[PDB]
Structures are given as C-alpha cells and as structure tokens.
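Below is one structure, written out as structure tokens; comments come after it.
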Amino acid sequence: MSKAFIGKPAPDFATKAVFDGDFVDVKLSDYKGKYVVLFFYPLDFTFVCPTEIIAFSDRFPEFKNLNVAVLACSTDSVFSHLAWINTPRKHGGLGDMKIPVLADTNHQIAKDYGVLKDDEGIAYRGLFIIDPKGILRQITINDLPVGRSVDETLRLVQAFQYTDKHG
Amino acid sequence: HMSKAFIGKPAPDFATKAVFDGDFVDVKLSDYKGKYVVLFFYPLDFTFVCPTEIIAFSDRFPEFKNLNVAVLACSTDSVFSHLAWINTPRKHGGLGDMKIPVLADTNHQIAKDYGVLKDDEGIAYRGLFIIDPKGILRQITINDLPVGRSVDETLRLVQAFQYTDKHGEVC
Amino acid sequence: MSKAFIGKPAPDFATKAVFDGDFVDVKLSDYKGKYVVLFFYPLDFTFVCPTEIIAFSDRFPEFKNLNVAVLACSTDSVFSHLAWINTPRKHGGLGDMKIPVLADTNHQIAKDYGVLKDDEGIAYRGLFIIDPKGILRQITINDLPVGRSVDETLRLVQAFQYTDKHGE
Amino acid sequence: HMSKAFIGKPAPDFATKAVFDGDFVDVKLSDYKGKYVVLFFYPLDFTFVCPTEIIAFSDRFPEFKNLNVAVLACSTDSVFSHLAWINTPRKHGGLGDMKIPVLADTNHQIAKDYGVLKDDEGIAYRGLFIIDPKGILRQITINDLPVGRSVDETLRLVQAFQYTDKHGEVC
Amino acid sequence: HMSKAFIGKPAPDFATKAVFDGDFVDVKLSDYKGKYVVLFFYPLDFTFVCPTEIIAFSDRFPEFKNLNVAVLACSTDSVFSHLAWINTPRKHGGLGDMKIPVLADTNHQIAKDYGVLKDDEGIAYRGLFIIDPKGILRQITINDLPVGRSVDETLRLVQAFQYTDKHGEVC
Amino acid sequence: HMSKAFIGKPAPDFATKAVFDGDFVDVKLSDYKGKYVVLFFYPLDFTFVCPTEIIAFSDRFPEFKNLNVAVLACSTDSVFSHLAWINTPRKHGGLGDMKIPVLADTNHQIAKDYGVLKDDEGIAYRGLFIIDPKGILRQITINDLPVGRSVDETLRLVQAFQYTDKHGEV
Amino acid sequence: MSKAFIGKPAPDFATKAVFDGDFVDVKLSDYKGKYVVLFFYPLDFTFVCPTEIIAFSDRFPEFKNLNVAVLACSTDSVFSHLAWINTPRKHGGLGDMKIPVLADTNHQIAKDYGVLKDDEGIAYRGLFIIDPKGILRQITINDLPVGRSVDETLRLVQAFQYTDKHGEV
Amino acid sequence: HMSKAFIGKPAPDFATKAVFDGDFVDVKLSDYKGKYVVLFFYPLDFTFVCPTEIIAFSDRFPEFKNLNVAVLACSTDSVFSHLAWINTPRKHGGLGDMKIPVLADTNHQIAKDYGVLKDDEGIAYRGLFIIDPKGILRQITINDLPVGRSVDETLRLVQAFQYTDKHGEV
Amino acid sequence: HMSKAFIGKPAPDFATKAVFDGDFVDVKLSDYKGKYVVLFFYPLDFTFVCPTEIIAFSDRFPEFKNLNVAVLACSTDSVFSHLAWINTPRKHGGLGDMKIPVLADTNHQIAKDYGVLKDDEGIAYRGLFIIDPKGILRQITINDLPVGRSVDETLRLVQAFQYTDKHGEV
Amino acid sequence: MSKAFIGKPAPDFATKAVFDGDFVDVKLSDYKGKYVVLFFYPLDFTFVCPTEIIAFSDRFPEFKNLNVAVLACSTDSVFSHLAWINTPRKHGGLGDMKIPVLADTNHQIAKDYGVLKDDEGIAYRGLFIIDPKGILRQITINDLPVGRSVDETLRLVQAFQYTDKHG
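Line by line, the protein sequences are chains E, D, C, B, A, J, I, F, H and G.
Per PDB author numbering, the first sequence starts with residue 1, numbered consecutively.
Per PDB author numbering, the second sequence starts with residue 0, numbered consecutively.
Per PDB author numbering, the third sequence starts with residue 1, numbered consecutively.
Per PDB author numbering, the fourth sequence starts with residue 0, numbered consecutively.
Per PDB author numbering, the fifth sequence starts with residue 0, numbered consecutively.
Per PDB author numbering, the sixth sequence starts with residue 0, numbered consecutively.
Per PDB author numbering, the seventh sequence starts with residue 1, numbered consecutively.
Per PDB author numbering, the eighth sequence starts with residue 0, numbered consecutively.
Per PDB author numbering, the ninth sequence starts with residue 0, numbered consecutively.
Per PDB author numbering, the tenth sequence starts with residue 1, numbered consecutively.
Encoded structure:
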C-alpha cells in the first residue's frame, strides 16, 4: 500500500490547496530543486487549538531563508480549509496561513504516504522530508494526540542540506 | 469497492458519528427499526453554492415527523466540519440550526455501501434512499452533482410506501 | 451485474418496441443529441390500472416541447405490448401510446440498468435520465408498489438541461 | 445455464404460477406423482399466427383425461398475459377457454432446466416432454419455433409408454 | 462429455463408416449440404425385438427421396455387424436389404455429440434429429428404449420445416 | 480413461453379460476366486478374416480345464452380436460352437480398465491377461490388431505360474 | 507415466550399453528400418540361473537371419553388466553376449515402458516389439517368477513382418 | 518482506540476544509491558563516524529512567561485535560503557518487522520507535543514514505521550 | 527431488537392504540411536579404479568401533552387485572381505534424501555424512567423482564432535 | 534456495572484503584460471580463539605455491572484520591476515552456498572448492562446534588438480 520509502523517489502528489486565500494546484514536481517538508494533520475545526500547525506558518520565514517549501495536508476539502483559515485564531481557527494547505479528500496522498487511519479516513500526524532530487530522506509519523516540533524539523532539514554538501 | 444497496434487500447497515442539536452523537440504522428512514447525501460542507437544498429537509422536517419518518443528512465531511457549518448563520452561507442529524462519513464506507461515492474526489453524489421499518430498501435516487432533490417528491414517495404497505397498489 | 453509473456512458441498448401500432427497432444511439428518459415497469395486463404509464404518454407533448424522448420498457414481448395497447383504457388497457414501449424479453436491458427482480423476471420501477452525449445523469428505482411522477421527471430533465448551459 | 432434462432420470422439478379455469393457481411437478404428465412449451402469448397447436391440446384434453394423463402448457409470459389471452376470443386470435393449466415462466428457470430456452430472445422453443408416474423423464421433443406438435403423436407416445410400463416393449 | 446438439445451432458434425447397398462407405454430414437430413439412432444390431421400426424408415425411403431428404440410421455397432445383420433375412430377424446408409458409431463420438448415449451400456437411445440444408439443427426427438418412432410424424415434421422455410408460419 | 492393470496388483474387477452355450449369462471376476483366469480380448465380431485365433482357445479348452483354468473371450460387441456370430458356421467365417464364455463390453469399461481400448475405433487390441487364484494380475500381453495369440504360449505361461506358486523359481 | 502404447511411436531411448566387451551408445533411432525386440530383466548377479537372458543371446543368429535386433536392459550399470559378462556361465555369469545389454541406471527407460517396480528400482520381465517405422507393435510384461520364450518372440516378429507385407490371413 | 509496524496497532513483537552491562542477555518486548519503550536502530558497529548519537542515548538514560522509560539500541551486528565495540574506549572511536541494552539483530527479523532494513546491505536505517505500556506503537521515525536523532526530541515525544495518556490534548 | 539433509536437523531417515557378513540384512537409522554414524556414498560397483578409498573404511573399522561409531557404505547398486564385488578378490579390483555394511539404494531414495544423486546417471556423488547419537546431522561432505575421502579426516571430525558434545569449544 | 551443486558453475559472488588492512571488492570471476577455496565462519569476536581461521592465513604460502586462492567469509561487516584484524592475536583477535576476509551482511553468499543458519543469520563452517573454470568440485559443511583442517583442504585441492591432468 504505502509507497513512502527512504532513499526512493517520494510518492508523487497533485491536488488542490488553499494558498493566500485562493484555490491553487500543487504538484510535487513544482518543488524540484528545493527541499520539501510535507506534513499531515487529522481534522479541520478540532476543539483543540491548532498551535502546531500555526507554528509552521508563523515560522515559515525560517524555512524560506533555507530555500525550503512547507506544505500542510489533511483529508478535509479546500472549502473546509478556507473556512478554517477565515476563522480568527482567537476563535480556534487557523487565521492567516503563509503555507499552502492541501486537501486530500481522495485519501490518495495519505494512502501513498502510509499515514491514513483507515477506520476514520483521517491522516495521522506524519511529516516527510523530500530533497531537491525528489528523494525521500525522512519519515515521521505521530499518533493523533502528539504534535511536531518546528525546531526538530529545522534541525533535520539543515543536517540533510549539510550532509548533501559535505557528507 | 461495491455497492450494497438493492431494492427489496436489507439496506446497507451504517454506524457513524453525527451532529444533532450541536452535539456529537452515535447513529445506527438499527436505531430506526419500526420506522421509515430517508437517508440523503450531499457533496461538501462550506460550498459557495446555496445549501438551500439541504436546509429544505431541515425546515420541512415537521412534515416528515408527522408521518413518523426519520431524515438523515450525510457527507464525507467530519463531525467537526459539520458543527462549524451548523454554527455559521444562514446569512453567512452556513447551515444554521439543523432539525435533522447530519452524519459524518470521513470513512467513505457509507457512500461506498450506498454506491454514491465519486471516487476521484472523495465526495458523495446527491443520493437519496428510502428504508422501511424492517430495514428494507424501498427507493433509490441518485442525482449528478448539479441537480437537487425535492422534499415534495420525497414526501409523495414515503406516503405511497406506507399506504401500499397495508393495502397493496393504488388504483 | 449493473452497468449504470452516474457520469459514465449509459448502458447501450437495442431492442424491439411498439410505436404507433407497429414493431420498430430502438437503439440508444438513435437519440444522440437529445435528452432521453428511459423508464421500466414490471408487467403488462396487471389488474392495477396503468395510470402512471399512461401519464407519460398523455403528457409526452411536454417532453417533446423540451426535445426529450421518453421510452417505456418491460420484460414482456412486443406482441404482449401491442395487445395491451389495443385494449381500451376503459378495460384496463394502455390504449393509444404516444411513446415507444420497449420489449426486454431476454432481460438484458433490465440487467444492464440493474433493475431486474431476478426471482420473477420483471423490472423494478426504474427511471433513468440520459444526456445528449449519452451520459447517465439520474437514477431512480422504486419498489414495485410505488409509481413515478411526470412532474418530478420534468423538474429533473429541465434542471439538467439548464445546468448544462448555465452551471447553477 | 445447464439443461437438467435427461432420459431415464428424474424430470427437472418445477414450481410456478399458472392460469387454470380463469384463476391463478400454483403448479408443482410433485402434484402429479402416480400419473403421466405431458409438459409442453410455446414461445409467445398474443402471437400473430392462430394458436391452433395450443388449442388442440385443450380441445382434446378429454382424450388425455381418459388415459389419466395431465397436460401442462408453459411459456415465459406472465400469468397476467396468459389470462388476457385466454379472455381473448378465438375468433380474434385468442386462446379462449383453456381446459389445461397454462404455466408462467417469467423466471426462465423452467425453460432453462428443460433446455428449451432460446437465450437471445428469452422465449422457449417448442419443447414437449413426457414424464411418468414416478417422475422419470421418458421422452424429449424440441421443435424449432416455426413447427408445431401433434396431439395424435403425443397420444401415441404416452399410451405406448403406459403399455410398455406393464407389458414390456411392443411388436 | 456433453451434448453439442442445440436447436438453431449448427448440427454436430459427424464422419464415420457406414453400410450402404451392401458396401462400406464413408459418410460425412457435409455430404448433405443443401438437403434436409434425418439422422436417427437405434440401440443394437441383432436384437430379438422386431426391427420393424428401423425397417420402416428404409421401406418408406422413397417418400423421403421424393421430398429431397436424406435418411441415416446409426448405432454403436460396427460396420461388420451392420453388414451381417443386413445379410440376415428379415424372416430370421435380420434387417434385410436397406435403402438407407447404416452408420457405425463404435467410438461413441456421434451418440455423445447428439446427447443420446446411454452411458452404462454404450448404446444409443431412440433419438431422431432433423438437420436443414444449411446444417442447422431444427428438431430433436429422444425416446426411451421401449417406444419407437413414427415415419408419418417424421414426414410431417420435415414437410413443415420445408414449408415454413419458404413461407414462415401460417394458418 | 486410465488403465487399472498392474502386475502384482489386483486385476481390474469386471462384471458383464456373456454368451455361454448359446445363452446369455452374467460373468464376474469374483466367480473365479481360487482359480487361474485367462481373459483375452479381440477387436470385432464378423470380420472378413477367419477367427481361427479365437476358435483355437475354444477347441483346446479341455487343456485349460484340465489345469483348472478359466478362459474368457471379450470384445466391445454386444451379447446379441456374439450369439449371431456363434450361430454362424465356421465354414462361413463364424465362431461356430464356442466352449468358452464370450463377454460383451459395449460399455468399453473392461477394455479401458485393462488398457486395451483403441480409442478412435472403440475396439480392443488383442490383449491377453493372466489372473491368479487370488485375483492378482500375473501377466500382461497386448498385440497390435494384425497378429494373433498362441494357445501353446498361454499354456506355457499359466503352467509356469502354477508351478512357481508352489515351488519358487527355476 | 508409461509412454508405451500400441500403434503409437515406441518411447525413444538412448543409454550406455555393453556390446562385445565394450561400452557403447545405443539409441532407438539406430534401428530405423529394422524390427527391434527390447526386453527387460530385474537384476545382474542373481542366484537364479540367467538361462532366460542367455537364450536370447545364444539364439540371436535366428533373429539376425530375419534382420531383427535384440536388446537386453536392466537398471544395473554398464560396469556390473561387464563384470557379469566376464563371469563364466560356469560360475553363474552371463558369459559372452551376442546382444547389447543396456544400462538403465536412470530408470528412465523402465519408466517410459511402464515396467519399473517403484519400491525396488528394478524392471519387471517386460518385452516389447518395435517395427521399422519405430511404432510399438507388441507389449509383454511378466511378473518376476516367469520367463519369456525365444520361440514365441520369433513367432510374433515373423507374424508382424508377414502382415506388414500381406495383411491378415 | 513486509513491515508490521503500524501506529495504533500492537508493536511488532521480538525476542533476541543483547549486550547489557557487559553481559549477554535475552530481551523480549513483552518484558516491558507497563513501561514506555524507545527502540532505535543504527547501521553498523565500528564505523569511522563517531557514535556520538548512540552514546547520547546511553549517557542521558537517567532522564529516561526517571520517566520510567526503557531505551533499547539495535543493529544487525552480533552481540560479540557489540561487546567488542563496548569494550573499545570512546577515545579510540568505541562505544565505551553503555547504560542501555544493545540488541543484536543478525536475524534481520526485527529490522524487517519495523521496516528499517536496507535490503541490499543488511543494515538498518536510523529508525526510532515509541511503544506504550500496553505494547501499542505510538510513534515512527526513520532517518536516512547521514542524519542522526535527538534525545531532546525523543524526550519531548515520550513525555507528550505520557501526558496525553492521562489528560488528552491541550 | 529435494534434499532433506540439513545441519542441525534430524538426519534423513533411511531403511534399505545391505550386504553384511555373508548375508543380506535390513538397515535402519533408528538401529543406531545412541551412537555416531558415518554414512558414505560411492558411485558404482565394479569400477576399473581400485576401491582403495572404500576398502580403507573397512580395513580401519576397528578405529571407528573403538570410538563407538558405526560406518555404513552405500551406492545405487543392488545387494547382488555388492555381493559379487565383495566376492571378487582385491587383487582383481574387487572389494574383498568387508567389515562394514554395504547398503543398496536401488530405488535411489537415500541418495535423493541426502542430496548426492547425479540425476542424469542414477549414481551417488562421493558424499559423506556424520550423524550423532540423537539422529542429528552434524557434518556434510560431498566430493566430485574423481576424489576420494580420508579415514583420518573422518576420525578427526567424529572425535571433534564427540568431544564438543561433552565440553563445548576449546 | 542453495545454488551450490557439484559439477555445476559455483554460485557467483561479489562483495566487499578486508585485504592487507584495506577495503577491496572481490568477485568470483577475478579468480578464473585458478583453484579457489572459499570458507565460511560464524562470527567475528567470539570468545573461542580463531585458530582454524588463523591456520588458513598462516599457511597461505602453501596454497599460493599451488596457485590456489583462499577466501574467508562471514555475515559480519567489513568494519568489524577490520577491527578484529586490528586486534592482536594475544587478545583473541585475527591479527595480520594474509587472505581476503569477505563481508556478507547481505546473507546473499551464505544463502547461495546453502550455509546460512536462518534463525541466527550466521554461516555454518562451510568450505567449498572451485576449479579454474568456475565449477564447484567439493562441498564441506560443519556444524558450529567443529573446525576445518588445512591439511585436508590441501589434500583435496591437490587431488583435484591431479585428476584434472591425469584422470
């Protein structure tokens, strides 16, 4: 099922996303020549404040500084994404997002990356690091209750960029 | 993979979470034994197109309740997505108060079992299904996305089924 | 197994039919460029007066007005259809029919549209709306005891014709 | 799919609805144990050519009754179709009064079990079968559509079987 | 092994040795292209049962020839057996002079293809088949062993197929 | 479909009708328990070639009887065909008076079980089989159609088997 | 798995054999144009006198006169064949053999002719007659205790050669 | 062939030999019921690259012990290879004293079951897995060979899992 | 078909006839429960090359007997072949008097089970196998046909296994 | 699963090895025209002194005198090979090895030669003799507790060389 393997071309994806309040098309091949952090989350509009997701948006300047693209993804629709983005952060919404938020209503991307929780049709808290040649370098999958660190993600990305150059 | 919805056969069993009265509840088909059930699907929460079609079944639910009929809405959106759209006032394009349960089918299992899943998109077609007190499927309606359903026609069908249940065919 | 899927080309059919008191050949490809309503009924010569079938015939000018063809179908033969057509409505017959009545004695059409009641060799009360390009746009299937509405059928066909041009 | 009719083997069991004396009745093969049965098939009700062949078996049924032989007609048409054709006067190409049961095989099951179904049309070939008191198939006759059967020949075959049943072969 | 004989389908092809006019000949179904063919089976040479049934088809062959119809007898006995039986005087239970070919089906292939082989004995049932000028099977008759066939019925069937080939069905 | 005849294994069981002394009789393999059996097959009744080979086994049956040996002839022809050939005088190519049972195998079951059936013709090859008092198959002989069998050789074989049963080898 | 059928091509065979004291290659195709008698025996060096095998060698001139080849065969090796041939008949050996003695150490030939006694890896006393066209004409298989006759073998071959020319009597 | 490690499902069970406190022991996963387990993989003993990553998890084991968490290292090298590396001083590129069990997966079974085996080389990728007190897999981490793991991050994860086990989300 | 000889696994069970001390005897593996067994194969009786290799195992059998070790020779030749070769003087290439059983593997079952059958020829390669008191296969030796085995090496091996059975390694 | 059969081309192998303190590539085809002895051992760094392995290195001149290549192999890595080689023999190491020591971390070679002990991923003490044409001539497999003899190996190789020339 899962097509995500270390040292192998990262599973190709093409889907609709919300970026800068607009519906856009996002392909993996668009980021050829750059590092890519693809991260998944379970559900739009959860009761628990989406601080971990917001953290990746607020701190995106640090990733752009490193020439690194960051993509969020869930099994919710683009319409659901836009509504949550249009919900103020003080009301539990996402607010302004500086990164594209991908819709995976297909489940195809979650399936290809092996992060789909089958019985619920939601993605586990997975994070993947793809290099400029489209090769999968890192796999991170968390159970639903536990989020991810921007610091750890930056550590990983920089170490991979370093070792690409110096070994 | 395969549709399990056949006229004269037990309706595909379903068990999922739903929003009713602003709360998350568990809904099973077996909950409605002894009662007629109208199960209808819609594609997507938060669409820019007027949700008047879905709203009509909520607003006119007293007419269904008077016939002792349960009405269930269902999409592949989550229960959290449903609640947020329900909490959006109708002037803002939201659903407002819903007098019927809105089922979450993030699983896709219900849409698959009723044969209404549009595979390439993970959304349900505009399907509507009538299930009798014994859990037997009596009516299948599936519309392509652009065209909505009529409450009047749905009411005509369910009343015709209740009648013919007791007296055979009308002439 | 059923071949009828929304958004997919409608299951092709070719059979004999009674139209205007004669036996004719009817093919789906004959209706290319037009909306088509195909509806099924269980049996010729039932004791229950065939008012729902008659309604589609009587109100056919409304469908012709919208450039829509209406086809009736059962698993009875054309000979059975013709005899029922030659039976006056006074005596429970169909009378004059303004729409073709298709014969599906081999059951292939009912099977392809998923409306065959296997144990009886009769079709459930199915109705299908096919667009000018031959694409299936609507599925309706009723259990035997419940008929269909011409008004609802007109609502659906006009809504599809409209959304084909304008969107919503 | 497969014919079940074999000489010297139990005749394919059948159970279906029929028209007899203007009424809908149930007919089972087991009803005729201890008695010879002639079961014959015809293609279509309301045929354009006069149904003289079928009528002959009805008109001459007293000759079968005197030999204690039951005679059954069968087609893939419905029981409602049969009744209407029976109610059509013989002057107008109808069957008129039938002294024998006319079986409905809308299933195609009986025609299939007897291997007389013309698949591409869902109609039976002109088959005739003679079944003995023990339910054993003794004779198979199947004609292509255009050619009918003889009551005289059927009578010859049946009384020959009855005769050989207690006296052995004839010469 | 199963029957290949189906109404409206090409009659099972056959090629075997036969006795005709006191000599061994080769017979193929294709030899009779353009003509109606009656192929009939009988169980056994040299039986103590009066072979009048087989002889009737030979004695009355001129009536078939008049109609341009070929008649073929066949059993699972050899050509050598056939010839010896033919050379036995009728008054000693022989066939005597035959006016029709008597086919040998020792390897049972023909009886199997026509579905008339009584498996436990390696003999044919009293089957008779009518094949049209195009090689299409039009009629199937299979009798249990104790009851013989009628030349008159066979002539009726053949003339009816010939008649209906030209005109269709008539009153 | 498949031959059941194997040396050292129970000879394929058979039960069929036969002509013996002008009458129809039932013949079973089990009828010959405690006795040697020579079962031999031939292709066809009423051939143009004189059946001297088959007649030899009948004419010299006393030699087999003296050794307590049963001899059985068999073909795919019916019991009615056998009788008619038996009633045909030897002067006219018939079998004449037969002193051994002539088995009918219209079934083909016996010829198939002994692996002597010529499939394309539904006749047996000239097979001969020796079966001991315990029903165990001791000897297999199958000839192509043109060549017959020897009574002397058959007697040599059955006597050698009867001797070996008591004494062992040479 | 027996490939031996009357009226069908005789199972092809190719193996090592002892002929005139030396190891040779024998093939069925060598015999195209001639009748061939192939016969099997169980074992070299048995306590039972090998008169049955010896008889086919001693009387080989009668076969050669009729232009008929004779082959003996067992599952023993060509080495034990030679050793048995080099043993005087005096001491229970074969002595000089005038016919090839094939070694079927494979069991392939015994398997193909349906004469292999599986549990023991030895051949039953089978004998087979093959015509000039390679067609199998005769099958003979004896249980171990009973031998075969040269006279009967000569009768069979001559009758096949005769019928080949003239048909039946 | 196939990975058996799935979030929310029981962690792939294992029994293998390990070096613990300079001695050979038998380690079973079922032994750790009631405790959180961090299982991490490394490619090879005796690499020229400093084993600072593996050393960190041993040096900082008191932090895991205080959280009642077991830490297990694993590679496809043998226990004899492990012990020789442990007996090699850190100043000579060895591991020195280890405070955590070092599992031997010469079998490759554990690396296969956790989907971390680099097939063509018979070495494990830098995988790390968190297994709860009930044996349920809660976290999957797999790094390409060139990049190491963080004890701080590992500590963050396990504490968050322990925390939400009692309280739910923030 | 398939070899069943695996180190550390129960040795393929065998049962056949053998020539031993002027008689044909039955030999089974189970007869040797409680002692070491050396089973060795050779290609052919009556080869032109002196069987010095096979004779050595017979001549030096007292050395095996003193260690409580049974020695068995085996080829695909029959007991009658074995006997005749034993009856052949060593001066004329025979085996002469044998002090060990020579097994006959005529149906090839043993050679197949030990994976030493040269299939195209129906002969065994020069295989030698050591089986312990419990029936466990401890050693596999297979030589191509031209090269023989050493009694000294076989003695070394069996004594080493006997020793380590009680002591472990040095 | 074993590909090792007498009289058939020896299973091909290509792997990394330690030779003269360095990492080298070893292919079977490198030894075309020479006899090859390939022998397997279970484990680097065992408590039992590796005398049998050392014997094949110490006595390699005798093999080279006969134009015979000798190769040792285990499922251990090239890194632990080197470390064991760099351990003096008085401390239980291999010391100076005059023969290449192959790494079979793959298990591929051990599987191909039918010497892998599956439950442990170690090779049995197998020894194999391959001729100048690449044909397998001899199979030796010992259970773990018992070692190989250099004298026997030399006897076998010389007997094979001898019969190659004289028959």
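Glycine included, each C-beta is placed from N, C-alpha and C at the ideal position.
Check: How many Å lie between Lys133 (chain A) and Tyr31 (chain A) at the Cα?
Finding: 9 Å
Next item on the list: Would you give the residue range spanned by the alpha helix (DSSP H) that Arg155 (chain G) belongs to?
Entry: Unbroken alpha helix (DSSP H) run through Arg155 (chain G): 150 to 166.
Check: Using the rule of at least 16 other Cβ atoms within 10 Å of the residue's Cβ for burial, across every protein chain shown, is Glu168 (chain C) buried or exposed?
Finding: exposed
Check: Does the Cβ-Cβ distance between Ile6 (chain A) and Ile141 (chain B) come in under 8 Å?
Finding: yes
Item checked: Spatial neighbours of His107 (chain C) in its chain, beta-carbon cut-off 8 Å, leaving aside the 5 residues before and after -> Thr75, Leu116, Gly121
Check: Does the separation of the CB atoms of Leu71 (chain E) and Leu38 (chain E) fall below 8 Å?
Finding: yes
Check: Where does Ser29 (chain H) land, buried or exposed, given buried means 16+ other C-beta within 10 angstroms?
Finding: Answer is exposed; the Cβ neighbour count stays below 16.
Next item on the list: Sort out for me which residues DSSP pairs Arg125 (chain H) with in a bridge.
Entry: H:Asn142
Item checked: Chain-ordered residues of the segment 28 to 50 of chain I with a beta carbon less than 7 Å from chain H -> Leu43, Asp44, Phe45, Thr46
Check: In chain order, what residues of the same chain have a beta carbon less than 7 Å from the beta carbon of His81 (chain H), not counting five sequence neighbours either side?
Finding: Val18, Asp44, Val101, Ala103
Check: Residues of chain G with CB under 7 Å from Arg155 (chain H), in chain order?
Finding: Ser149
Notebook entry, point to check: Which residue from G:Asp25, G:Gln158, G:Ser2, G:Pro145 puts its Cα closest to that of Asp164 (chain H)?
Noted result: G:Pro145
Next item on the list: Please decide whether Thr163 (chain J) counts as near chain I, where near means a Cβ-Cβ distance under 8 Å.
Entry: yes
Next item on the list: May I ask you to list, following chain order, the residues of the segment 109 to 142 of chain D that have a beta carbon less than 7 Å from some beta carbon of chain C?
Entry: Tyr124, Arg137, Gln138, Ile139, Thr140, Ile141, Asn142
Checklist line | Residues sharing a beta bridge with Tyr35 (chain B), DSSP | finding: B:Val68
Item checked: CB contact check: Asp76 (chain D) to chain E, cutoff 8 Å -> Cβ-Cβ to chain E under 8 Å: yes for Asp76 (chain D).
Notebook entry, point to check: Along the chain, where does the beta strand (DSSP E) that runs through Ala103 (chain H) open and close?
Noted result: According to the DSSP assignment, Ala103 (chain H) belongs to the beta strand (DSSP E) that extends over 101 to 103.
Notebook entry, point to check: Given that a residue counts as buried once 16 or more other Cβ atoms are within 10 Å of its Cβ, and exposed if not, what is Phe47 (chain H)?
Noted result: exposed
Notebook entry, point to check: With burial defined as no fewer than 16 other Cβ atoms inside 10 Å of the residue's Cβ, what is the status of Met1 (chain G): buried or exposed?
Noted result: exposed
Margin query: Tell me which residues share the same chain as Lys34 (chain F) and place their Cβ nearer than 7 Å to its Cβ, disregarding the 5 neighbours each side in the sequence.
Written below: So the list reads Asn67, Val68, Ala69, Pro132, once near-sequence residues are dropped.
Item checked: Identity of the residue in A:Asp151, A:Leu136, A:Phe40, A:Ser77 nearest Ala110 (chain A) by Cα -> When only C-alpha atoms are compared, the closest one is A:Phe40.
Checklist line | chain G contacts made by the segment 14 to 27 of chain F, where a contact means CB separation under 7 Å | finding: none
Margin query: 8 Å is my cut-off, CB to CB: does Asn106 (chain A) come that close to chain J?
Written below: For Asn106 (chain A), the answer is yes, since a Cβ of chain J falls inside 8 Å of its Cβ.
Notebook entry, point to check: Is the segment 81 to 95 of chain G in contact with the segment 152 to 161 of chain H, if contact means three or more CB pairs nearer than 8 Å?
Noted result: no
Next item on the list: Could you tell me whether the Cβ of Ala72 (chain B) comes closer than 8 Å to any Cβ of chain C?
Entry: no
Next item on the list: Go through its chain and collect everything with a Cβ distance to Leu127 (chain A)'s Cβ below 6 Å, but skip five positions before and after it.
Entry: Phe39, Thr140, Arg148
Notebook entry, point to check: In chain order, what residues of the same chain have a beta carbon less than 6 Å from the beta carbon of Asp112 (chain D), not counting five sequence neighbours either side?
Noted result: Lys3, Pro11
Next item on the list: Might you give, ordered along the chain, the residues of its own chain that have their beta carbon closer than 6 Å to the beta carbon of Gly21 (chain F), omitting 5 neighbours on each side?
Entry: none
Check: Where does the unbroken alpha helix (DSSP H) through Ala17 (chain D) begin, and where does it stop?
Finding: Here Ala17 (chain D) belongs to no alpha helix (DSSP H); instead the beta strand (DSSP E) covers 14 to 19.
Note to self: Run through the DSSP bridge pairs and tell me what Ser74 (chain C) is partnered with.
What the structure shows: C:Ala103
Checklist line | Cβ pair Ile54 (chain G), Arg89 (chain G) closer than 8 Å | finding: A Cβ-Cβ contact shorter than 8 Å links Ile54 (chain G) with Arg89 (chain G).
Item checked: Length of the line joining the Cα atoms of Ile135 (chain F) and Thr15 (chain D) -> Rounded to whole angstroms, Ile135 (chain F) to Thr15 (chain D) spans 25 Å at the Cα level.
Notebook entry, point to check: Looking at the structure shown, is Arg89 (chain E) part of a helix, part of a strand, or coil, going by DSSP?
Noted result: Of the three classes helix, strand and coil, the one that applies to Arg89 (chain E) here is helix, per DSSP.
Check: Do you know offhand how far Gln161 (chain I)'s Cα is from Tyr124 (chain B)'s?
Finding: Approximately 59 Å, taken between the alpha carbons.
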